[PDB]
A.B. asks: 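Below is the structure I would like to discuss, written out as structure tokens.
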Amino acid sequence: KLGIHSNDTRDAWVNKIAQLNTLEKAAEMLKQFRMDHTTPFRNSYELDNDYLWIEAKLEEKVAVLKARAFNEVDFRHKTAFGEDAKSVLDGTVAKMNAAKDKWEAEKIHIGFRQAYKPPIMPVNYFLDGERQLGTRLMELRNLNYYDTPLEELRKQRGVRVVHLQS
Amino acid sequence: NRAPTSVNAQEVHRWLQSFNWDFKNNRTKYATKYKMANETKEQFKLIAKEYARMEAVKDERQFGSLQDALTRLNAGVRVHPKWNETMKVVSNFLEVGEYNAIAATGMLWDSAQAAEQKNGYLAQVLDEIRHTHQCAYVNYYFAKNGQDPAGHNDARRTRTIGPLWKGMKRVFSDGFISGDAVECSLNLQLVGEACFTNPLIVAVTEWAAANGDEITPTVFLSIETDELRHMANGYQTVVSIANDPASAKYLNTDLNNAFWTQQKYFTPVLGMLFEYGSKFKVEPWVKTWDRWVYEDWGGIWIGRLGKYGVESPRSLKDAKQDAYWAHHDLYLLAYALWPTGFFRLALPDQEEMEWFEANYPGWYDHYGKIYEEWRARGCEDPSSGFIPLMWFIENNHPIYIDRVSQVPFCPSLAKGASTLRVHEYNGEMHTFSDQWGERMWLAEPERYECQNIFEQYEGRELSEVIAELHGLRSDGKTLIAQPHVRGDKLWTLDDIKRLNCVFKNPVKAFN
Amino acid sequence: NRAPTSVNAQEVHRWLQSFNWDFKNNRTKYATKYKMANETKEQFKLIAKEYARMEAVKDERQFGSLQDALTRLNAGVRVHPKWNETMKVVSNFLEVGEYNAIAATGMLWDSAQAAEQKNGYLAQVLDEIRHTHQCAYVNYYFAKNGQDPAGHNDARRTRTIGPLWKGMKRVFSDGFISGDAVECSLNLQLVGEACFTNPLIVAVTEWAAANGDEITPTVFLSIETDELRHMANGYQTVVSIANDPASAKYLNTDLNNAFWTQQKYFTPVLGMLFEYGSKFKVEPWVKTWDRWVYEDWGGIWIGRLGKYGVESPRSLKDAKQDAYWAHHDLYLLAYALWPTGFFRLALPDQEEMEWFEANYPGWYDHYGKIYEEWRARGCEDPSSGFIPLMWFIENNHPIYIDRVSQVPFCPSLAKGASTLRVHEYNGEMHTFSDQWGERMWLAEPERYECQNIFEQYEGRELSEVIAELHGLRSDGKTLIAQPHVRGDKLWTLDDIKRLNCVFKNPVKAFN
Amino acid sequence: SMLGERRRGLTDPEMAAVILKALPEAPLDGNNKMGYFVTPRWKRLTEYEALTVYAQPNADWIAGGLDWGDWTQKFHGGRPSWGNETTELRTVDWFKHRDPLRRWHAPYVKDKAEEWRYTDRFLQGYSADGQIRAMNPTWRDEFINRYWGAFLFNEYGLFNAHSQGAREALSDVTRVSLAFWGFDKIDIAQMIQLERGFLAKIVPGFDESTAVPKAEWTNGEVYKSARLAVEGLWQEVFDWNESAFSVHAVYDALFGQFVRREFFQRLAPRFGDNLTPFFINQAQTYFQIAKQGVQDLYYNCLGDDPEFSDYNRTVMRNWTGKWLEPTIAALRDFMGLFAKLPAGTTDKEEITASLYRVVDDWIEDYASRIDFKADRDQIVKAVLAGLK
Amino acid sequence: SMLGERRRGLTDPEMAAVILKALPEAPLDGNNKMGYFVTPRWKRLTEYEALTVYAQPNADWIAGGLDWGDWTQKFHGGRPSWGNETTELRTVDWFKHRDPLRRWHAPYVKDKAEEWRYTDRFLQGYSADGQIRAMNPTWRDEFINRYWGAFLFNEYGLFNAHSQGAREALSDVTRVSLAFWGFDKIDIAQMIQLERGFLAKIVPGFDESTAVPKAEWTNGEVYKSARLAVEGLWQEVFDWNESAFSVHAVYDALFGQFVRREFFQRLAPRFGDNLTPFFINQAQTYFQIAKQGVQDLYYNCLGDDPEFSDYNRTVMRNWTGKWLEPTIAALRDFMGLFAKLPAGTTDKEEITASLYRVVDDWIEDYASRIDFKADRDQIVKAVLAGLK
Ligand SMILES: [Ca+2]
Ligand SMILES: [Ca+2]
Ligand SMILES: [Ca+2]
Ligand SMILES: [Fe+3]
Ligand SMILES: [Fe+3]
Ligand SMILES: [Fe+3]
Ligand SMILES: [Fe+3]
């Protein structure tokens, strides 16, 4: 079974997810998953064709568990890990505002997503963060966007140039 | 005094700017480097009720023509086969552009702080909903009354099988809504609509009428009447941010990136649909392009905004340099991969080859011969056991997918651009076809992680992908896509299975 | 229970019958021999607002097609010359039928005593108003976008010049409103609409389509959708008086007179307009007529009214015998008097002559030879000094006007009916073409005193009558009417004046 | 088949080629304006005029006619299809009239259709919103059902008064206006029943039957003089112009306007009733629309006719006086209805003020146009004398 | 030229001949139904569904999506074009929603257009009929101009609360419904201003400037808590579903309905004001239309989701409690307006009963659907504390 929308990989993860019966274990698995399989900093590209769908299934379980474990105030203001969402948001924005350059900035933003994307952090705080973090990231990145030659930009990004043609 | 009196839209609009009020958190919810001026005004003085009336009038004329005279004239049938197929792509692909423009303008409405500028964007939010339904209606009408309903009837799901769809989502979906609201406005309004869609829509009606299609002109001409408002919105976006220090720093960079994004896909795709998807020609794409991009937009339109700091895109020259053969280079790929579409394609006939050679000297010696050979190999016949993709494999002509634009390219065969950049980064290979898209990825890697068809289909047999993604006709065996537009000898799923074509990721060859 | 609730047309119509109340002078203001039952019901349960909505929907389609697609296709121009001319007569003459039908049903509404029957007629009152404006719009559209606006733009006044108009007023103007309300209902609904109007309207769209006219089908097919309500009005009119003892005494005579009145004009006129006013043919008129009058109306329709005492008109057999050559006989007269029209006529071409002979054995030896004689003599060339009316005088073939029907006839030349009855009464001569019309005059001389064209124009020189009644085109010199449909060599008022044609009353020859 | 058997000249290659070959190089006349010979009322000829004026085939012997000769078929006895003999009024041209709103069939049904569809939506919103909860039960079960419902027969009667005019009108522009004036009246009548039918659906014991309101109209006392005035304007008048003039510029302008605007549209709101005013808004919009037409015909055209100005004003003043009496009588009988209102609903002071609004509006919009000398104080006094 | 230079394939003999020869004998597929693969909500697939469902190019990782793979271009940082992360609610399929009124663009603008044209007719008939004469001066210059006027800002803010949703909605059917809910709100705000502009034209001295109403809204006491709630719903809510749900199933269902229906619609008639009710009738029609769509999305689709029903109700109960408090505060401050009325206009019992109607309707149409345990008397008691 190797399909696009249905396959053994997806089936396997649905089973593993079905075994996440407590919030803390489920939330930790979701965060680990994001570190292992999302963004260009992912630890591995092995689940490239299915991670988006599997992540969504993992999110579903963490959400249902959180709504059952958290009282109303905490569901609105705490992260699945028990952190005060406002504190995390403000602290991350502070780091972003102190970022010395676009390289530091991109790591702060990308890392924030991997660690706090809903249902970890309440949507209201998470998107407020997207609003503020993205603004600084773009400001830093779009300043003198074309000054660095491609030859040097490739080195800054740290890619391995495999083949060039022209 | 009891004289019959009333109140119109302008009379109410006079006080609309005052509707917004101040409070600490009254600010946009989206990330942006720019600041839209609080006093920005709008060109048209509309209110909800009047907007609805003016669109309602247009609808009545449009649907009246479609349901009465055009149906009585059998207008859905008396269209050239090639064009009936072209409209499956043209109408459904534009539909997604219209659709995402709804969300894009919802985002701009949120960005604007002046009640009048919000209102201008609002009218476009509604117009884009209308346009989505209009494009949907074209496919709906051709499916209901046309010569070949397949594709017209399920493009929303069958478009996911092919590679051409991926690029459309970049320029007409994600490019419209993902990023700085201003960057999106540039892709959508300042570049997308002003440079391409506005002229495109009208051109489509010309090509349509020439090939017997009076359905598309009826709808698209009606769509076009709403564009003035959208152009004003785009121009107004620039005015609203012109007096902010950020504008001098970032505007031209976002504009240049938007221009390249839009041009990268439309330069080759539009010309391809027009020239190859038609029987009767209206005008060579080359001259249509130069007038649109260079003269009208890159000259007249772009010039008017010079006073606001706007400048001609720095990649404009490269764009023109790569433009000439672009669409010709792409049709070779689209036809080679014909089994992955939701429409039927045809090889250029003798009469068409002459036209191509006449308007593009050197066409025959390159593309002409190739098509003649594929014809000889029996690419149109189900019993040949041949698909042009095999020819690319036999002649070591790998086809790559640009990581940023999603536009397919074969650098070893193209007469246009032939550059290829391959990088490895954190365990993944990435292939780029130009220096502008490469910069985009190096600077913003996390923005471009789209998996290409080869990555997703790697190791999969062709017939299985088509079957899984429902690329079959109602009989459950004949393919929707075809290598010819005749009514007999249509390829079946079994004809494809027998080819035993198994996809592989071309980048894996690199060490 | 706050469920969304409303009320529909049927729910209100439920109590419509009780809207009328009893009181001394509650009775029709018009003379009549019958009594309409005050408990008569109507077939369609409508109220003013729902009626408006269903018609509004039809209007939007129609005008939408006309203003949009059809105009974009230049539908007003790409029509055969002969048919462009024929529609000047068909639409305007039909217009007056629609118009007087308003007054007719207004008279019927006043006649009905049951609230529902009044409401039924009322619906038609409004429908006939819509039809008047629809026929007006057809002429308006052809004047606006057609190949020859003259006649289309002023038929309301230029129609008064020719003899064909007089008979039209008899069947579709006076026949609809002058007489016993019930008699009028028979002329209008029972015979007019059920026997002719209904079948004719659709037939017209067929001939129109065959000759490139998509404007007329768009409007006429819409008009046709309203006819079911009028058919019902006619049917209910009979049911309404079936119990009145007077019915058995008068119904069949008013109907027979009504049948004869209507067929007397349409049998020759409609077949003439269809076969001689077109290039492409749909079906031979003899075939059409037999189906309409005998199969559909005389059989099926009249049959369903049998239980109400209605019988086939006694003059039916006579109608069929007089019918065969009727339309061919009339065109000879219409063409001979071409300068009195407001439209351009053409002589049959070679293909048409072959079609006429094939469908009407013997046509060539009579009509064909005559048209060829007239053409060789130069009836189409303004410098010939020849108008076919001169041929009739030369060969002693007087043309008379039936005092009752106003239909022109030439007994000495006719291949069809050739009877003629001439009488003098109190210093006035009268000419009749059939026994039914003669009886009508004898029994009701004061109902038929219409002056004919020879009586009014007696002693007048042709060009003077034309000039006086504005039978000229914009340049003030070229005639609206013409003996051919080509663009060059159009006849002028001077070409006519030079003929020195002076009208004479043909009946004075018996003095 | 996919292509069908019928070949059309616009799309069939063979047939179309023949047609194109026969076409002239350019139109055979540059005057593409249908109705160009019509005298425009405004700056330029309108679609309304082009499509309507001269559709009626009148000969010159009927003021304005363009045709000639007698009719082809007349009534037994000799009465003409249409003739000067059907109305006392005279004019230099029966085609001068122009509906200020320029309504031909299309605009007319478009507007009424919009109203029908919005009405439907409104009713669905009203019921779902439970707005019926705040309506006074006595005002509903008694004044809306019985007294408002009875008024439907008044409108229905005025509607029917138009039947003869539909038949005798001497011009197209006048026939169209007349037909629309009457159709709007029956519409109002059917809207009154519609409301009673709606109430019946959302109010458990409400009976939509016209029994109660009809008996009130036929045998009641409040509408006695009203009905007598109606039965007369409808079945005793044989002059189409006297009927339209008296109905719209006399009776309905005074009685009708008082009942609709000064009684129900003024008091219904005081009983938590926004339902009835919804429908009365329509009736008033219609009344005001028709007024502009009525005014243009009898004043601008007839009352001010270059040749019969004096004559017509005399005939109309005569008509005004003839029907002003039955009208005032109608208003008097109606006054007896205020006594049925719960104590404290209104006072003689408000009523007197409402009567002057009607009388003053009438004098300003109608009476003063034909120089008819009416006394506001005496009329109000005459009517006001009906209060019990 | 009469014929033109452009040759069309449908009518040009030569070109049509070429086209006709290339045509197949019959359609290459008998399935002529666009959207045949969509699961119909009703008996047969509707035009509404065919033209709308799946227009949004979502991949399977966004519940119900048919596409595959990541977006082609995302926001700086990596945020997806559309994603599950933009809302707390979860579902088996975001494409399940159906507007019970089946409104796609055409039917939507058609109805609003009818309402616009009839509004113009109504106003021309209202002014010409002089109905303004009977309107209480104080009600007009104080309550309509200042207080009804200030309410336009409430509706305007609710309109603006929909901006993020227009951008983030996860399906076409939800995006279209949301856009129409928002568009109707700006329309109402504009109709309030429309009425003020109308009054300025027919009443000498009436100032249509928004300065007074705006000052009332921004600095007055009656609308203080209402404004605070609106500012929160609009700008402090980043979850598109919390926004639409809280606006339509909490705030506007309680505060909005009370103001529009229990204050202005209920009292305007008492001051001879039939004008304001004409517009509120539209607002209430719009409210009831949106309610059907709101109930379908939040209760039928999300609250009753086969897999996330319990989860979604927990979240909606959470949101209800979060916004009920600010909503009660808004109603509480609004109670202050009653003391500004002329003595005898209304009393505590009427006010209380009207509060209960709104609360009981809200419990029935919204609260009970998600098992929110609302206490009707405790809610009313908290609001009454605001009566001065
Ligand atoms: Ca390697
Ligand atoms: Ca306070
Ligand atoms: Ca009390
Ligand atoms: Fe658009
Ligand atoms: Fe646009
Ligand atoms: Fe008719
Ligand atoms: Fe009819």
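Order of listing sets the numbers, starting from 1, for every ligand and every atom in it. Naming convention: chains lettered A, B, ... in sequence-line order (proteins, then strands); numbering from 1 in each chain.
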A.B. asks: With a cut-off of 2.8 Å, does B:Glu128 put an N/O/S atom close enough to the Fe ion (ligand 5)?
C.D. replies: yes
A.B. asks: Counting backbone and side-chain atoms alike, does B:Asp127 have an N/O/S atom under 2.8 Å from the Fe ion (ligand 5)?
C.D. replies: no
A.B. asks: Within less than 2.8 Å of the Fe ion (ligand 4), any N, O or S from B:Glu98?
C.D. replies: yes
A.B. asks: With a 4.0 Å cut-off on N to O distance, would you call B:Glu438 and B:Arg421 a salt bridge?
C.D. replies: yes
A.B. asks: Give a rough value, rounded to 10 degrees, for the angle at the Fe ion (ligand 5) between atoms OE2 of B:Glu227 and OE2 of B:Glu193.
C.D. replies: 80°
A.B. asks: Which N/O/S atom belongs to B:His131 and is the closest one to the Fe ion (ligand 4)?
C.D. replies: ND1
A.B. asks: Taking 2.8 Å as the cut-off, does an N/O/S atom of B:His230 lie below it from the Fe ion (ligand 5)?
C.D. replies: yes
A.B. asks: Could you check whether the rings of B:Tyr51 and E:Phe183 sit parallel, tilted or perpendicular, using 30° and 60° as the cut-offs?
C.D. replies: perpendicular
A.B. asks: Is the charged tip of A:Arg42 near the ring of A:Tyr45: under 6.0 Å from the six-membered ring centre and within 45° of its axis?
C.D. replies: yes
A.B. asks: For B:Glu455, run the salt bridge (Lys or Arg N to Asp or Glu O under 4.0 Å) check against B:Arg403, B:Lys166, B:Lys508 and tell me which one passes.
C.D. replies: B:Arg403
A.B. asks: Return yes if a side-chain donor-acceptor contact under 3.5 Å exists between E:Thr52 and B:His133, otherwise no.
C.D. replies: yes
